[PDB]
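Content type mmCIF, C-alpha atoms, from the file upload_2.cif:
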data_entry
#
loop_
_atom_site.group_PDB
_atom_site.id
_atom_site.type_symbol
_atom_site.label_atom_id
_atom_site.label_comp_id
_atom_site.auth_asym_id
_atom_site.auth_seq_id
_atom_site.Cartn_x
_atom_site.Cartn_y
_atom_site.Cartn_z
ATOM 1 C CA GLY I 1 52.053 -24.069 -0.171
ATOM 2 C CA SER I 2 48.991 -26.193 0.563
ATOM 3 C CA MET I 3 49.226 -29.831 -0.523
ATOM 4 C CA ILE I 4 50.319 -32.361 2.102
ATOM 5 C CA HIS I 5 49.821 -36.117 1.849
ATOM 6 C CA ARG I 6 48.383 -38.496 4.447
ATOM 7 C CA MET I 7 50.015 -41.783 5.485
ATOM 8 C CA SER I 8 51.479 -41.946 1.965
ATOM 9 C CA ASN I 9 50.327 -44.798 -0.272
ATOM 10 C CA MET I 10 53.424 -46.039 -2.097
ATOM 11 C CA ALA I 11 52.019 -49.279 -3.498
ATOM 12 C CA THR I 12 54.894 -50.857 -5.424
ATOM 13 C CA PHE I 13 55.200 -54.549 -6.316
ATOM 14 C CA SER I 14 58.379 -56.405 -7.295
ATOM 15 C CA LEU I 15 58.915 -58.837 -10.177
ATOM 16 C CA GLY I 16 62.665 -59.350 -10.483
ATOM 17 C CA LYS I 17 63.548 -61.194 -13.683
ATOM 18 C CA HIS I 18 60.621 -63.474 -14.523
ATOM 19 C CA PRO I 19 58.605 -63.952 -17.758
ATOM 20 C CA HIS I 20 55.490 -62.436 -16.168
ATOM 21 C CA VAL I 21 52.748 -62.977 -13.589
ATOM 22 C CA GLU I 22 49.059 -63.804 -13.267
ATOM 23 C CA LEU I 23 46.673 -61.052 -12.119
ATOM 24 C CA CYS I 24 46.115 -63.309 -9.105
ATOM 25 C CA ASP I 25 49.815 -63.492 -8.249
ATOM 26 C CA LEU I 26 50.440 -59.757 -8.550
ATOM 27 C CA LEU I 27 47.300 -58.981 -6.574
ATOM 28 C CA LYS I 28 47.488 -61.702 -3.922
ATOM 29 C CA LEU I 29 51.133 -60.962 -3.173
ATOM 30 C CA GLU I 30 50.544 -57.195 -3.263
ATOM 31 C CA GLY I 31 47.850 -57.783 -0.657
ATOM 32 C CA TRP I 32 44.772 -57.269 -2.834
ATOM 33 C CA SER I 33 42.942 -60.568 -2.344
ATOM 34 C CA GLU I 34 43.407 -62.738 0.751
ATOM 35 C CA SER I 35 42.605 -65.872 -1.246
ATOM 36 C CA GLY I 36 43.099 -64.632 -4.784
ATOM 37 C CA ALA I 37 39.631 -65.306 -6.170
ATOM 38 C CA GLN I 38 37.413 -64.856 -3.094
ATOM 39 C CA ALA I 39 35.983 -61.403 -3.801
ATOM 40 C CA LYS I 40 36.502 -62.153 -7.503
ATOM 41 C CA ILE I 41 39.445 -59.751 -7.307
ATOM 42 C CA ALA I 42 41.147 -61.862 -9.962
ATOM 43 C CA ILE I 43 38.787 -61.896 -12.950
ATOM 44 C CA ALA I 44 37.618 -58.432 -11.895
ATOM 45 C CA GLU I 45 41.051 -56.767 -11.753
ATOM 46 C CA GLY I 46 41.378 -57.850 -15.356
ATOM 47 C CA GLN I 47 38.078 -56.518 -16.719
ATOM 48 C CA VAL I 48 38.910 -53.349 -14.769
ATOM 49 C CA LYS I 49 42.025 -51.744 -16.299
ATOM 50 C CA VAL I 50 45.706 -52.626 -16.652
ATOM 51 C CA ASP I 51 48.697 -50.573 -17.808
ATOM 52 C CA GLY I 52 48.332 -51.383 -21.493
ATOM 53 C CA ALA I 53 45.550 -53.956 -21.148
ATOM 54 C CA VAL I 54 41.777 -53.543 -20.936
ATOM 55 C CA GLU I 55 40.793 -57.227 -20.929
ATOM 56 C CA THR I 56 39.950 -59.857 -18.277
ATOM 57 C CA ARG I 57 41.879 -63.100 -18.773
ATOM 58 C CA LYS I 58 42.910 -65.646 -16.140
ATOM 59 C CA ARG I 59 46.635 -65.027 -16.568
ATOM 60 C CA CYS I 60 48.450 -61.875 -17.703
ATOM 61 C CA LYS I 61 51.701 -61.545 -19.637
ATOM 62 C CA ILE I 62 53.148 -58.371 -18.116
ATOM 63 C CA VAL I 63 56.535 -57.486 -16.618
ATOM 64 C CA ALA I 64 58.851 -54.595 -15.705
ATOM 65 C CA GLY I 65 57.504 -51.243 -14.508
ATOM 66 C CA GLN I 66 53.796 -51.741 -15.137
ATOM 67 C CA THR I 67 50.650 -50.917 -13.154
ATOM 68 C CA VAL I 68 47.422 -52.798 -12.414
ATOM 69 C CA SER I 69 43.994 -51.345 -11.530
ATOM 70 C CA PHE I 70 40.826 -52.829 -9.987
ATOM 71 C CA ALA I 71 37.793 -50.894 -8.714
ATOM 72 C CA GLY I 72 39.704 -48.771 -6.215
ATOM 73 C CA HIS I 73 42.887 -50.760 -5.697
ATOM 74 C CA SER I 74 45.621 -49.210 -7.844
ATOM 75 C CA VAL I 75 49.232 -50.400 -7.606
ATOM 76 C CA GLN I 76 52.381 -50.423 -9.735
ATOM 77 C CA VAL I 77 54.997 -53.125 -10.316
ATOM 78 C CA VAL I 78 58.701 -53.066 -11.203
ATOM 79 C CA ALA I 79 61.076 -55.545 -12.847
#
Show me this structure written as structure tokens.
Amino acid sequence: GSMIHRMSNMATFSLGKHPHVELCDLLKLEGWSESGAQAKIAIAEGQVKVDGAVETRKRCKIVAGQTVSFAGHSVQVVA
């Protein structure tokens, strides 16, 4: 056997029982952007790649066990 992890990156966001969230909310809360739109992590994250979406809107209609991806920041969400 030769395959050990390092620090372990279990990036998992919570949603609960809401209609959905904005790329800024998911990100900001998850700890992506300190402000939400400073490094353009909002609009960007969109245009990057989302679990089922390849767009770049201001708000996103996603819920449950879905993932979001931006540049190098990849995290999943549950609801």
- Task: Neighbourhood query: residues within 8 Å of (46.9, -48.0, -15.3), file coordinates, counting all atoms listed in the file; return as a ChimeraX atom specification.
- Result: /I:49-52,66-69,74
- So, counting only C-alpha atoms, which residue among I:1, I:36, I:46, I:19 is closest to residue 59 (chain I)? I:46
- Neighbour residues at most 12 Å from (60.4, -58.3, -4.6) (only C-alpha atoms) as a PyMOL selection string: chain I and resi 12-18+26+29-30+64+77-79
- Grab the CA of residue 27 (chain I) to CA of residue 63 (chain I) distance for me, in Å with one decimal place. 13.7 Å
- Compile the contact shell of residue 61 (chain I) as a ChimeraX atom specification: residues with an atom at most 9 Å away, counting only C-alpha atoms, same-chain residues fewer than 4 positions apart removed. /I:19-22
- Query: When distances are computed from all atoms listed in the file, which of I:71, I:11, I:4, I:43 shows the smallest separation from residue 31 (chain I)?
  - Reply: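 Closest to residue 31 (chain I) of all the choices is I:11.
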- Separation of CA of residue 54 (chain I) and CA of residue 37 (chain I), in Å? 19.0 Å
- Query: So how many Å separate CA of residue 5 (chain I) and CA of residue 75 (chain I), to one decimal?
  - Reply: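 For CA of residue 5 (chain I) relative to CA of residue 75 (chain I), the distance reads 17.1 Å.
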Please put the answer as lines of an AutoDock Vina configuration file: centre and edge lengths, in Å with one decimal, of a box along x, y and z that encloses all listed atoms of region 66-79 of chain I plus 4 Å on each side.
center_x = 49.4
center_y = -52.2
center_z = -10.4
size_x = 31.3
size_y = 14.8
size_z = 17.4
- Find the residues around residue 44 (chain I) up to 9 Å (only C-alpha atoms counted), leave out those fewer than 5 positions away in its own chain, and share them as a PyMOL selection string. chain I and resi 39+56+70-71
- Item | Pick from I:65, I:8, I:32, I:76 nearest to residue 45 (chain I), counting all atoms listed in the file |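 The shortest atom-to-atom distance to residue 45 (chain I) comes from I:32.
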- Message: Counting all atoms listed in the file, which residue out of I:10, I:47, I:2, I:60 sits closest to residue 25 (chain I)?
- Response: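 Of the candidates, the smallest distance to residue 25 (chain I) is held by I:60.
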- Give the answer as one residue: which of I:23, I:73, I:6, I:41 has the shortest atom-to-atom distance to residue 58 (chain I), using only C-alpha atoms?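 Answer, going by the shortest atom-to-atom distance: I:23.
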